[PDB]
Amino acid sequence: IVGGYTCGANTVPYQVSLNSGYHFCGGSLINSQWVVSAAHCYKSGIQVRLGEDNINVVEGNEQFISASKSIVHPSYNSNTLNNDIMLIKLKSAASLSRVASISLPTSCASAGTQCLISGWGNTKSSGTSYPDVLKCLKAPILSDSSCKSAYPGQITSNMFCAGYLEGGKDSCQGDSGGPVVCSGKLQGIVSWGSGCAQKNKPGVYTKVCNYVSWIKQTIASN
Amino acid sequence: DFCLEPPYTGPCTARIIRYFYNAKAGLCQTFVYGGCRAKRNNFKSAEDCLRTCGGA
Ligand SMILES: [Ca+2]
């Protein structure tokens with residue numbers, strides 16, 4: 001997260017860190033046993049870390065649970081990045097104030113809606129600086145037209161842009177799979193972009209409202 | 001020669017540690033891969049990297 005602020009210990013209870021010997025992606029807890037993240041974060045040997053604030057120090061509110069299953073959307077396209085969504089089943093259920101699930105959306109959010117994006121990714125536009133604690137960013141959802149103007153022929157119906165055209169505030173490497181929460185509902189999954197916090201290049205997110213059926217049914221039959 | 005190409009992080013925002021052959025140093029080094037659109041000078045281990053590009 002470039003241009004954000006320190007969220008505060010366990011103020012984003014649904015945020016999880018996906019660890020494979022180190023933090024490589026974020027994710028959101030949707031119930032005691034399921035996590036939603038990005039399809040490009042698919043990796044073998046994933047350990048999910050809940051109740052985290054400082055990812056480098058054991059502070060006592062953590063729960064490390066290995067994934068038993070990783071289901072990438074059947075239509076995920078690694079080239080176009082369309083359908084960049086994945087469900088991870090926890091080997092055992094998490095104990096749910098510091099660890100809590102986030103609600104799925106009932107409908108899609110509109111341009112202009114203010115959302116909270118969070119993660120442990122790089123905090124520099126030019127350079128490298130990975131934080132110890134969770135960073136937060138409030139960014140508005142942008143119109144489909146401007147999104148499409150920023151990324152010609154790359155935006156599908158399953159993606160939305162959020163951020164600032166001026167640049168300076170954005171998601172960055174290490175934030176993928178994390179939540180974009182608007183009005184208490186999970187509306188997006190951090191996905192991709194052109195560089196980080198560049199002018200006229202806002203971040204692109206997976207539009208969660210289009211997968212609610214798939215998510216609910218997939219969770220129930222696995 | 002893809003072994004002489006600079007490492008490519010790509011547009012995705014994961015932070016996955018991969019290896020690339022650094023012909024200037026004559027060794028395989030680590031770099032942050034974003035998770036998608038990998039070029040060929042991108043390996044999962046130093047051994048794979050050396051086997052494919054070593055000596056390029
Ligand atoms: Ca910790």
# chains A, B, ... in the order shown; residues from 1 in each chain; ligands from 1

$ residues_around --residues "residue 124 in chain A" --least-positions-apart "3" --cutoff "10 Å" --atoms "only C-alpha atoms" --output "PDB file with N, CA and C atoms, in the first residue's frame"
ATOM      1  N   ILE A   1       0.865  -1.212   0.000  1.00  0.00           N
ATOM      2  CA  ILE A   1       0.000   0.000   0.000  1.00  0.00           C
ATOM      3  C   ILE A   1       0.891   1.248   0.000  1.00  0.00           C
ATOM      4  N   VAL A   2       0.842   2.009  -1.086  1.00  0.00           N
ATOM      5  CA  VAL A   2       1.605   3.249  -1.204  1.00  0.00           C
ATOM      6  C   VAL A   2       0.671   4.391  -0.807  1.00  0.00           C
ATOM      7  N   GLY A   3       1.169   5.306   0.012  1.00  0.00           N
ATOM      8  CA  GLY A   3       0.383   6.455   0.420  1.00  0.00           C
ATOM      9  C   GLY A   3      -0.710   6.183   1.418  1.00  0.00           C
ATOM     10  N   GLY A 121       1.907  -4.987   1.647  1.00  0.00           N
ATOM     11  CA  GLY A 121       2.745  -4.818   0.476  1.00  0.00           C
ATOM     12  C   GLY A 121       3.673  -3.610   0.520  1.00  0.00           C
ATOM     13  N   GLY A 127      10.988   2.265  -5.556  1.00  0.00           N
ATOM     14  CA  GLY A 127      11.764   1.667  -4.490  1.00  0.00           C
ATOM     15  C   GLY A 127      11.075   0.492  -3.815  1.00  0.00           C
ATOM     16  N   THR A 128      11.659   0.060  -2.703  1.00  0.00           N
ATOM     17  CA  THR A 128      11.160  -1.068  -1.936  1.00  0.00           C
ATOM     18  C   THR A 128      11.150  -0.774  -0.459  1.00  0.00           C
ATOM     19  N   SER A 129      10.018  -1.020   0.170  1.00  0.00           N
ATOM     20  CA  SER A 129       9.895  -0.834   1.590  1.00  0.00           C
ATOM     21  C   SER A 129       8.677  -1.608   2.047  1.00  0.00           C
ATOM     22  N   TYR A 130       8.928  -2.785   2.601  1.00  0.00           N
ATOM     23  CA  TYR A 130       7.860  -3.632   3.089  1.00  0.00           C
ATOM     24  C   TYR A 130       7.626  -3.350   4.562  1.00  0.00           C
ATOM     25  N   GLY A 168       0.128   8.321  -6.449  1.00  0.00           N
ATOM     26  CA  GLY A 168       0.511   8.485  -5.052  1.00  0.00           C
ATOM     27  C   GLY A 168      -0.139   7.630  -3.973  1.00  0.00           C
ATOM     28  N   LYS A 169      -1.296   7.050  -4.261  1.00  0.00           N
ATOM     29  CA  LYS A 169      -2.007   6.206  -3.304  1.00  0.00           C
ATOM     30  C   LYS A 169      -2.425   5.012  -4.142  1.00  0.00           C
ATOM     31  N   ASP A 170      -2.040   3.804  -3.736  1.00  0.00           N
ATOM     32  CA  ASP A 170      -2.352   2.623  -4.540  1.00  0.00           C
ATOM     33  C   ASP A 170      -1.922   1.323  -3.827  1.00  0.00           C
ATOM     34  N   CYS A 172       0.196  -2.345  -4.055  1.00  0.00           N
ATOM     35  CA  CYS A 172       1.485  -2.599  -4.686  1.00  0.00           C
ATOM     36  C   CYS A 172       1.875  -4.038  -4.388  1.00  0.00           C
ATOM     37  N   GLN A 173       3.034  -4.493  -4.881  1.00  0.00           N
ATOM     38  CA  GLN A 173       3.486  -5.877  -4.683  1.00  0.00           C
ATOM     39  C   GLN A 173       3.416  -6.342  -3.234  1.00  0.00           C
ATOM     40  N   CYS A 196       3.193   1.024  -9.486  1.00  0.00           N
ATOM     41  CA  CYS A 196       2.442   1.311  -8.282  1.00  0.00           C
ATOM     42  C   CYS A 196       2.331   2.811  -8.121  1.00  0.00           C
ATOM     43  N   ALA A 197       1.113   3.264  -7.836  1.00  0.00           N
ATOM     44  CA  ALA A 197       0.806   4.667  -7.590  1.00  0.00           C
ATOM     45  C   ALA A 197       1.229   5.634  -8.688  1.00  0.00           C
TER      46      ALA A 197
END

$ closest_atom_pairs --of "chain A" --to "chain B" --cutoff "10 Å" --atoms "only C-alpha atoms" --output "CSV"
residue,atom,partner,partner_atom,distance
A:20,CA,B:16,CA,9.2
A:22,CA,B:16,CA,8.9
A:23,CA,B:15,CA,7.5
A:24,CA,B:15,CA,4.6
A:25,CA,B:14,CA,5.4
A:26,CA,B:14,CA,8.4
A:38,CA,B:14,CA,9.1
A:39,CA,B:35,CA,9.1
A:40,CA,B:35,CA,5.3
A:41,CA,B:35,CA,6.5
A:42,CA,B:35,CA,8.6
A:43,CA,B:16,CA,9.5
A:78,CA,B:36,CA,6.5
A:79,CA,B:37,CA,6.5
A:80,CA,B:37,CA,9.2
A:81,CA,B:36,CA,8.1
A:120,CA,B:15,CA,9.9
A:121,CA,B:15,CA,7.6
A:122,CA,B:15,CA,8.8
A:171,CA,B:13,CA,7.6
A:172,CA,B:13,CA,5.4
A:173,CA,B:13,CA,3.9
A:174,CA,B:15,CA,4.4
A:175,CA,B:13,CA,5.9
A:176,CA,B:13,CA,4.8
A:177,CA,B:14,CA,7.9
A:178,CA,B:14,CA,9.9
A:190,CA,B:13,CA,7.6
A:191,CA,B:12,CA,6.0
A:192,CA,B:12,CA,4.1
A:193,CA,B:11,CA,5.3
A:194,CA,B:11,CA,5.6
A:195,CA,B:11,CA,6.6
A:196,CA,B:13,CA,9.0
A:203,CA,B:13,CA,9.7
A:204,CA,B:12,CA,9.5

$ write_last_selection --atoms "N, CA and C atoms" --output "short mmCIF file (atom, residue, chain, number, x, y, z; two decimals), in the first residue's frame"
data_model
loop_
_atom_site.label_atom_id
_atom_site.label_comp_id
_atom_site.auth_asym_id
_atom_site.auth_seq_id
_atom_site.Cartn_x
_atom_site.Cartn_y
_atom_site.Cartn_z
N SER A 20 4.23 -18.62 2.72
CA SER A 20 4.87 -19.80 2.14
C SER A 20 6.36 -19.69 2.53
N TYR A 22 7.21 -16.98 3.91
CA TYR A 22 7.20 -15.51 3.99
C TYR A 22 5.85 -15.07 3.43
N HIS A 23 5.47 -13.84 3.74
CA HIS A 23 4.23 -13.26 3.25
C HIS A 23 4.33 -13.01 1.76
N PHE A 24 3.43 -13.59 0.97
CA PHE A 24 3.46 -13.36 -0.47
C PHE A 24 2.14 -12.76 -1.02
N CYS A 25 1.06 -12.85 -0.24
CA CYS A 25 -0.25 -12.34 -0.66
C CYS A 25 -1.16 -12.16 0.54
N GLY A 26 -2.24 -11.40 0.33
CA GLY A 26 -3.23 -11.18 1.36
C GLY A 26 -4.46 -12.02 1.02
N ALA A 38 -6.69 -13.89 -4.52
CA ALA A 38 -6.55 -13.83 -5.96
C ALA A 38 -6.06 -15.16 -6.52
N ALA A 39 -6.46 -15.47 -7.75
CA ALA A 39 -6.04 -16.70 -8.40
C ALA A 39 -4.54 -16.71 -8.67
N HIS A 40 -3.95 -15.54 -8.94
CA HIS A 40 -2.51 -15.51 -9.20
C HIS A 40 -1.68 -15.73 -7.94
N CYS A 41 -2.33 -15.79 -6.78
CA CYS A 41 -1.66 -16.06 -5.51
C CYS A 41 -1.65 -17.57 -5.23
N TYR A 42 -2.06 -18.36 -6.21
CA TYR A 42 -2.09 -19.80 -6.02
C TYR A 42 -0.66 -20.31 -5.85
N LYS A 43 -0.44 -21.07 -4.78
CA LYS A 43 0.87 -21.61 -4.45
C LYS A 43 0.66 -22.89 -3.67
N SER A 78 -4.76 -16.68 -17.00
CA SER A 78 -3.49 -16.13 -16.54
C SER A 78 -2.91 -15.06 -17.45
N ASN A 79 -3.38 -15.01 -18.69
CA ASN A 79 -2.89 -14.02 -19.63
C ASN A 79 -3.67 -12.72 -19.52
N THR A 80 -5.00 -12.81 -19.52
CA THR A 80 -5.84 -11.61 -19.44
C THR A 80 -6.14 -11.20 -18.01
N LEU A 81 -5.94 -12.13 -17.08
CA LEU A 81 -6.19 -11.91 -15.67
C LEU A 81 -7.68 -11.86 -15.34
N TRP A 120 0.06 -5.70 3.46
CA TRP A 120 1.44 -5.64 3.94
C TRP A 120 2.41 -5.48 2.77
N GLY A 121 1.91 -4.99 1.65
CA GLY A 121 2.74 -4.82 0.48
C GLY A 121 3.67 -3.61 0.52
N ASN A 122 4.46 -3.47 -0.54
CA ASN A 122 5.42 -2.39 -0.70
C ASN A 122 4.74 -1.03 -0.50
N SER A 171 -2.32 0.18 -4.39
CA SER A 171 -1.92 -1.11 -3.85
C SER A 171 -0.60 -1.40 -4.56
N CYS A 172 0.20 -2.34 -4.06
CA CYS A 172 1.48 -2.60 -4.69
C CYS A 172 1.88 -4.04 -4.39
N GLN A 173 3.03 -4.49 -4.88
CA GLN A 173 3.49 -5.88 -4.68
C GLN A 173 3.42 -6.34 -3.23
N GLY A 174 2.69 -7.44 -3.01
CA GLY A 174 2.51 -7.97 -1.67
C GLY A 174 1.08 -7.75 -1.17
N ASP A 175 0.30 -6.93 -1.89
CA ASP A 175 -1.08 -6.62 -1.51
C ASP A 175 -2.09 -7.54 -2.20
N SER A 176 -1.70 -8.18 -3.31
CA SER A 176 -2.59 -9.07 -4.06
C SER A 176 -3.42 -10.00 -3.20
N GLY A 177 -4.69 -10.19 -3.57
CA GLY A 177 -5.57 -11.07 -2.82
C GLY A 177 -6.24 -10.43 -1.64
N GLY A 178 -5.79 -9.24 -1.27
CA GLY A 178 -6.36 -8.56 -0.13
C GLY A 178 -7.71 -7.96 -0.43
N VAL A 190 -7.60 -7.25 -4.44
CA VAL A 190 -6.44 -6.57 -5.05
C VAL A 190 -5.89 -7.49 -6.14
N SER A 191 -5.72 -6.96 -7.34
CA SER A 191 -5.31 -7.81 -8.43
C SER A 191 -4.08 -7.39 -9.25
N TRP A 192 -4.14 -6.26 -9.95
CA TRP A 192 -2.99 -5.85 -10.76
C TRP A 192 -3.02 -4.36 -11.04
N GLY A 193 -2.06 -3.89 -11.83
CA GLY A 193 -2.00 -2.47 -12.17
C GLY A 193 -0.74 -2.25 -12.96
N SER A 194 -0.47 -1.01 -13.35
CA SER A 194 0.75 -0.69 -14.08
C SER A 194 1.67 0.05 -13.12
N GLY A 195 2.66 -0.67 -12.59
CA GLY A 195 3.56 -0.07 -11.62
C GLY A 195 2.74 0.15 -10.38
N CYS A 196 3.19 1.02 -9.49
CA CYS A 196 2.44 1.31 -8.28
C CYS A 196 2.33 2.81 -8.12
N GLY A 203 -5.21 1.21 -9.60
CA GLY A 203 -5.16 -0.22 -9.41
C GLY A 203 -6.43 -0.86 -9.93
N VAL A 204 -6.29 -2.10 -10.38
CA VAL A 204 -7.40 -2.87 -10.92
C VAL A 204 -7.73 -4.00 -9.93
#

$ residues_near_ligand --ligand "ligand 1" --cutoff "8 Å" --atoms "only C-alpha atoms and all ligand atoms" --output "list in words"
residues 51, 52, 53, 54, 55, 56, 57, 58, 59, 60, 61 and 62 of chain A

$ residues_around --residues "residue 26 in chain B" --least-positions-apart "6" --cutoff "8 Å" --atoms "only C-alpha atoms" --output "list in words"
residues 54, 55 and 56 of chain B

$ select_by_dssp --residues "range 29-158 of chain A" --states "strand (DSSP E)" --output "MDAnalysis selection string"
chainID A and resid 29:31 34:37 47:50 63:72 86:90 114:119 135:140

$ select_by_dssp --residues "range 10-211 of chain A" --states "helix (DSSP H, G or I)" --output "ChimeraX atom specification"
/A:39-41,144-150,208-210

$ atom_distance --atom1 "CA of residue 202 in chain A" --atom2 "CA of residue 143 in chain A"
11.4 Å

$ residues_around --residues "residue 1 in chain B" --least-positions-apart "5" --cutoff "12 Å" --atoms "only C-alpha atoms" --output "number ranges by chain"
B: 6, 21, 23, 39-41, 52-53, 55-56

$ closest_residue --among "B:20, B:50, B:31, B:45" --to "residue 2 in chain B" --atoms "only C-alpha atoms"
B:20

$ residues_around --residues "range 12-19 of chain A" --least-positions-apart "5" --cutoff "6 Å" --atoms "only C-alpha atoms" --output "list in words"
residues 25, 26, 27, 28, 29, 46, 47, 48, 49, 50, 98, 99, 100, 101 and 102 of chain A

$ residues_around --residues "range 85-89 of chain A" --least-positions-apart "5" --cutoff "6 Å" --atoms "only C-alpha atoms" --output "list in words"
residues 33, 34, 35, 36, 37, 38, 39, 67, 68, 69, 70, 71, 72 and 73 of chain A

$ write_last_selection --atoms "C-alpha atoms" --output "mmCIF file, in the first residue's frame"
data_model
loop_
_atom_site.group_PDB
_atom_site.id
_atom_site.type_symbol
_atom_site.label_atom_id
_atom_site.label_comp_id
_atom_site.auth_asym_id
_atom_site.auth_seq_id
_atom_site.Cartn_x
_atom_site.Cartn_y
_atom_site.Cartn_z
ATOM 1 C CA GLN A 33 -13.080 -22.048 7.446
ATOM 2 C CA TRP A 34 -12.853 -20.179 4.113
ATOM 3 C CA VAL A 35 -10.654 -17.434 2.712
ATOM 4 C CA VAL A 36 -10.968 -15.605 -0.594
ATOM 5 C CA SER A 37 -7.835 -14.312 -2.412
ATOM 6 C CA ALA A 38 -6.553 -13.829 -5.962
ATOM 7 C CA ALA A 39 -6.042 -16.697 -8.398
ATOM 8 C CA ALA A 67 -4.848 -24.631 3.750
ATOM 9 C CA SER A 68 -6.421 -28.004 2.998
ATOM 10 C CA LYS A 69 -7.760 -26.951 -0.429
ATOM 11 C CA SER A 70 -7.109 -24.130 -2.929
ATOM 12 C CA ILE A 71 -9.811 -23.633 -5.583
ATOM 13 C CA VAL A 72 -8.900 -21.222 -8.374
ATOM 14 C CA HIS A 73 -11.846 -19.984 -10.441
#

$ closest_residue --among "A:134, A:162, A:219, A:155" --to "residue 200 in chain A" --atoms "only C-alpha atoms"
A:162

$ residues_around --residues "residue 104 in chain A" --least-positions-apart "6" --cutoff "8 Å" --atoms "only C-alpha atoms" --output "number ranges by chain"
A: 30, 185-187, 208-209, 212

$ write_last_selection --atoms "N, CA and C atoms" --output "CSV table (one decimal), in the first residue's frame"
chain,number,residue,atom,x,y,z
A,30,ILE,N,-14.0,-15.1,4.9
A,30,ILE,CA,-15.4,-15.0,4.6
A,30,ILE,C,-16.3,-15.8,5.6
A,185,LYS,N,-19.0,-4.5,3.1
A,185,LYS,CA,-19.1,-5.6,2.3
A,185,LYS,C,-17.8,-5.8,1.5
A,186,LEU,N,-17.5,-7.0,1.2
A,186,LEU,CA,-16.3,-7.2,0.4
A,186,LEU,C,-16.6,-7.1,-1.1
A,187,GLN,N,-16.2,-5.9,-1.7
A,187,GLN,CA,-16.4,-5.7,-3.1
A,187,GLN,C,-15.3,-6.0,-4.0
A,208,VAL,N,-15.9,-8.6,-7.0
A,208,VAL,CA,-16.5,-9.7,-6.2
A,208,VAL,C,-18.0,-9.9,-6.3
A,209,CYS,N,-18.8,-8.8,-6.5
A,209,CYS,CA,-20.2,-8.9,-6.6
A,209,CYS,C,-20.7,-9.9,-7.7
A,212,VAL,N,-20.5,-13.9,-6.2
A,212,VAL,CA,-21.2,-14.3,-5.0
A,212,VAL,C,-21.9,-15.7,-5.1
